[PDB]
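S.K.: need a structure here:
(chains A, B, C, D, E, F and G)
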Amino acid sequence: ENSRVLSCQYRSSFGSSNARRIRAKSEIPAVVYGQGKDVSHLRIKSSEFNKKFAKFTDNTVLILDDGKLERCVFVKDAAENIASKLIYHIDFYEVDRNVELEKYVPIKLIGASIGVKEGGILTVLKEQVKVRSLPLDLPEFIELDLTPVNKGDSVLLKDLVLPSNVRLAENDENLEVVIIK
Amino acid sequence: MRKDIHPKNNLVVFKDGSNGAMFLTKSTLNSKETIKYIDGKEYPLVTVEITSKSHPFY
Amino acid sequence: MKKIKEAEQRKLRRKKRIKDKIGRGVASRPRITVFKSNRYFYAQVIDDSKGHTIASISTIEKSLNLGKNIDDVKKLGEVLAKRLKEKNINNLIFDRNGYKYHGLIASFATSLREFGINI
Amino acid sequence: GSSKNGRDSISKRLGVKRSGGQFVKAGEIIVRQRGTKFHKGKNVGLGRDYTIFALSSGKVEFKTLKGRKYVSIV
Amino acid sequence: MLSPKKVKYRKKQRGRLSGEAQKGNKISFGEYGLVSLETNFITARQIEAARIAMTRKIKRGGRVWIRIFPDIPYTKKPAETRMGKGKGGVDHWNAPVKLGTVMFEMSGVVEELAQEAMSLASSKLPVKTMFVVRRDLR
Amino acid sequence: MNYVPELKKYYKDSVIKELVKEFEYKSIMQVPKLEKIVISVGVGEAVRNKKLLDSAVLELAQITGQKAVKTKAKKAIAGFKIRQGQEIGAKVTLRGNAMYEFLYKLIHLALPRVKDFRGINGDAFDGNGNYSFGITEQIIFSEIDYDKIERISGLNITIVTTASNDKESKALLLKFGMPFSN
RNA sequence: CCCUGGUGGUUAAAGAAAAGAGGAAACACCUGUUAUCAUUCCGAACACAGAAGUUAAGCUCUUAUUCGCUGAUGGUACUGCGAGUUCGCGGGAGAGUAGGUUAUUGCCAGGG
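M.R.: Numbering: from 1, shown residues only, chains lettered A, B, ... in the order given. Find the structure here:
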């Protein structure tokens, strides 16, 4: 559960030069907004962020603790320099920890399908699915094994084995995610 | 309007030769012949051989 | 729908052009504007240095009991002249207000003229 | 094979001649322009070539309305 | 070759190109990208040399996206002339790249093969490069 | 006496009621009605032959009862070798009593006299209650004499209705008895 | 004072579309072309004569912000200057995002 927790402390620098000095001290400036609150300006340990969330997606959700409070935040944005692998700002969108909410979540395809083995045609109709859960239980990505899917077979949305407290939200339950023709 | 560029519109009774129906219609065509319409009014009568109710289509 | 909307739009464009062609009114020589509804006829004298209506008149006024004809607006203009003289204004600028100077407006204006108002 | 071009006109020295807030007296030129880059407001006039000039002594002011700039004397 | 098929003006002034990249600096259409570590000009023809290299190394495994298009004439005066007349004539086309431009993107193949192919591409470009996986997926 | 066209009488005394009942309209003059009929004829060959254009204008005058206007070229084009501002078309507008009377004359007298007249396509609707269709031989109208024509000509008719859709206008036209080919 | 109509100021979409509510007064639609007027034809607009009817529309109010418009705080780009140099000081976007937005107000007339 720790691996979803992140330590910060408040900053009051607010300048380009100041932010550069912080990142030299190997931290990351960040802001938190949402729920109608006043924006919170804080800073994060770059090593901790790299270690824990080296694979962060739009759907990753985590917990911020300033030693005195807890916040449930999405990683709304992260300004990355690709050449130097350098994060240099983070935007955290806060949500209510106990309010059900929707979110498109991508799928991850595993296994080698019998149909495609024998001459099936992959057509990935849907690259993501609308799911529903409390924020702390949203799935990072939903898995789907194609191995039993033979020729002329489509994948129903209910067929997606889902994490415990995650639930489908699509209006069209019978739409096909991936087909093999 | 101004008045000098219009052909003389006239009330005209068109008589079908086949069904006998008569149509009151303000036509600019001066008919040589005059007919007493149902309304006791004199109108230039033009006899037309084909009309509405005697359509080969209706 | 669109046809009524474009009629309105044309009226507004005419009104705006007329306004900045005649210019604004001042307490010495304020502006007289008119409005011609399907039932009635309205006139207002405005000083734009204040945005104030110094005087006004219309056929709704029961005591006048005029109609909506040339005769009636003649008499109405007479009444307007006698109401303005006691407030000692003799120079006016005539905002035709999106209408065409003809007929009812012509009679109104000329009636203000025969009784010592400079329009 | 020489240069086909190389031809330029004399610079016309356009622009704002009196800055907003300056004091001008009657008849001053405020803006020289082609077209109503700036439009006319209270107490100014427009020449035949869209020059902006002051009809009375006062202080220049620029206002903005619907994205158009207006020059006035107040 | 790669070259625009119509231009407003045949010749344009050589600017000074500087600063890092603030746009077109993220992997969009693929899995692996070939970022540059310099600011310089990549000619159309080096572009297509690198493209051949990648494509040929990839045995139908995936797709290749080229994220730069030259569209910048490069003029050169005739061979033996003096400094007189002016703005000689277009010779070849250049594309501008800044430190952080993705410049090339690949899809489909295993990461090892992609890295090999894309070093094979980097061997033919005039700028230092870096091969990047999405660094936020695997 | 305000003399009234028989079409206007028929409309006002029946069609309003049938359409109110048939389309459950809440207020009475939600009912559709007719605002204008535009008769157009495009003689691009008038750029050579002035007689063609003059004849078309005159024949329109005899057909309707009011004089026509010759429209001009909106754009100079070369495919038809058109120079902007040349006289290319001629149109007449019919409104009110003249409109009703002309439509009556048409429906009852001139549409019958058309060669192989088998109705009119009940689908030439622009999707907004405006019905436009063509007549190839003006000679169907008995008003014009055969001898004086200089070239057989056709012409387009557009009927503009207050309706918000095609269903309303088709219902109104059917109540008027317009011979739709159905 | 308020509703409505007309007329100014304050300029941030004070924008259009869809749905609902009314219409006493006022306004609008609506009636007839025959009187002066207008149309490069056409009472459509306009002009003139009047009140049989209506909220259907225009208009007013209430709506999800569906389209638009507007817009944070940070960060970045960029920039002035510096015996600190990828730095030290000062100023600080655009875009994006959390949002917000279907105005407000002076005084003339009719009467609630």
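
S.K.: CA only for contacts and neighbour counts going forward, please
M.R.: OK.

S.K.: buried ones in the strand or helix carrying residue A:77?
M.R.: Using DSSP states H and E, residue A:77 sits in strand A:70-81. For strand A:70-81, burial by neighbour count (16 or more other Cα atoms under 10 Å in any protein chain shown) applies to A:71-76, A:81.

S.K.: how about those in a markdown table, adding distance to residue E:45?
M.R.: Formatted as a markdown table, the buried residues of strand A:70-81 follow (distance: Cα to Cα, whole Å):
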| residue | distance to residue E:45 |
| --- | --- |
| A:71 | 53 |
| A:72 | 51 |
| A:73 | 48 |
| A:74 | 45 |
| A:75 | 41 |
| A:76 | 40 |
| A:81 | 28 |
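
S.K.: looking at those, which is nearest chain F?
M.R.: Chain F lies nearest to residue A:76 out of the buried residues of strand A:70-81, by Cα to the nearest Cα, at 46.6 Å.

S.K.: and that closest one, how far is that from residue A:31?
M.R.: Counting by Cα to Cα, to the nearest Å, the gap from residue A:76 to residue A:31 is 10 Å.

S.K.: shared neighbours of the two, which are they?
M.R.: A:90-92 (Cα atoms under 8 Å, 6 or more residues apart in numbering or on different chains).

S.K.: so which of the residues you listed wins on neighbours?
M.R.: Neighbour tally across these (other Cα atoms under 10 Å in any protein chain shown): the maximum, 23 neighbours, falls on residue A:92.

S.K.: bridging residues for residue B:11?
M.R.: As for beta bridges, residue B:11 partners with residue B:26 under DSSP bridges.

S.K.: so who does it touch?
M.R.: Neighbour list for residue B:11: B:24-27, B:43-44 [criterion: Cα under 8 Å, 6+ apart].

S.K.: show me what from chain B comes close to chain F.
M.R.: For chain B, the residues in contact with chain F (Cα under 8 Å from any Cα of the partner chain) are B:5-9, B:24-29, B:50-52, B:55, B:57-58.

S.K.: so which of those are in strands?
M.R.: Counted as lying in strands by DSSP state E, out of the residues of chain B next to chain F, are B:24-27.

S.K.: quick one: list the elements packing against the top helix by length along chain F.
M.R.: In chain F, with assignment by DSSP state H, the single longest helix is helix F:50-64. Judged by 3 or more Cα pairs under 8 Å, 6 or more residues apart in numbering or on different chains; DSSP states H and E, helix F:50-64 is in contact with strand F:87-94.

S.K.: contacts for whichever helix or strand comes after the strand it packs on next, please.
M.R.: Counting by DSSP H and E, the next helix or strand C-terminal to strand F:87-94 is helix F:96-105. Residues outside helix F:96-105 that contact it (Cα under 8 Å, 6+ apart): B:25-26, F:4-8, F:35-37, F:64, F:94.

S.K.: okay, the angle between helix F:96-105 and strand F:87-94?
M.R.: With axes from the mean of the first three to the mean of the last three Cα atoms, to 10 degrees as the basis, helix F:96-105 and strand F:87-94 are set at 100 degrees to each other.

S.K.: so helix F:96-105 versus helix F:50-64, what angle?
M.R.: Using the same axes, to 10 degrees: helix F:96-105 against helix F:50-64 is 90 degrees.

S.K.: how about the contacts of helix F:96-105 in TSV, adding distance to residue C:100 and neighbour count?
M.R.: What follows is the contacts of helix F:96-105, written out as TSV (distance: Cα to Cα, whole Å; neighbours: other Cα atoms under 10 Å in any protein chain shown):
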residue	distance to residue C:100	neighbour count
B:25	38	23
B:26	35	23
F:4	32	11
F:5	33	20
F:6	37	16
F:7	36	20
F:8	33	16
F:35	26	14
F:36	26	18
F:37	29	24
F:64	32	28
F:94	26	20
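
S.K.: what about the residue lying closest to residue B:54 once chain neighbours are set aside, neighbour count?
M.R.: Of all residues not flanking residue B:54 in the chain, residue B:19 sits nearest, at 6.6 Å (Cα to Cα, 6 or more residues apart in numbering or on different chains). Neighbours of residue B:19 under the rule other Cα under 10 Å: 13.

S.K.: please apply the same query to residue E:120.
M.R.: Neighbourhood size, residue E:120 [other Cα under 10 Å]: 17.

S.K.: which residues does it contact?
M.R.: Residue E:120 makes contact with E:50, E:53-54, according to Cα under 8 Å, 6+ apart.

S.K.: name the nearest residue to the residue in chain A sticking out farthest from the centre, sequence neighbours excluded.
M.R.: Among residues of chain A, the one most distant from the C-alpha centroid is residue A:118; the distance is 35.1 Å, by Cα atoms, centre = their mean. Closest residue to residue A:118 apart from its sequence neighbours, by Cα to Cα, 6+ apart: residue A:151 at 7.4 Å.
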